[PDB]
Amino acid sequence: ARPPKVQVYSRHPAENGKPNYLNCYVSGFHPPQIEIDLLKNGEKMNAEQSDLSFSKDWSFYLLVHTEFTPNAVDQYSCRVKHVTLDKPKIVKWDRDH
């Protein structure tokens, strides 16, 4: 039982009203069973999931990515559920982290 680390970030530096790419990278978890959803104001975005791979320590990593267009109001987050988490882990997108 190893817990996942969740990062939510844009591919390029966030600018308001301009196309960009939203990423939720989940790393370091085991067993590989996991749910990862990107959320725009709490609704599931239609995003692609990478193929299952793992690191040298055998821990798995996945990437849930899609397009988005950030502004100053829309809140973006990533919901991740894994056997090691009592409650779902929600990490909010922050253009500065």
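Start at 1 with the first residue shown and count on from there.
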Worksheet item: Should the higher mean CA B-factor in the entry be assigned to 80 to 88 or to 12 to 20?
Response: 12 to 20
Practice prompt. Mind pulling up the entry and telling me whether 24 to 32 or 63 to 71 has the higher mean Cα temperature factor?
Written response: 63 to 71
Worksheet, complete the sentence: Listed options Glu43, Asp57, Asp37, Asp51: highest C-alpha B factor recorded at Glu43
Practice prompt. Consider only the C-alpha atoms of the modelled residues in this chain, order them by B-factor as the entry records it, and name the third containing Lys5: lowest, middle or highest.
Written response: lowest
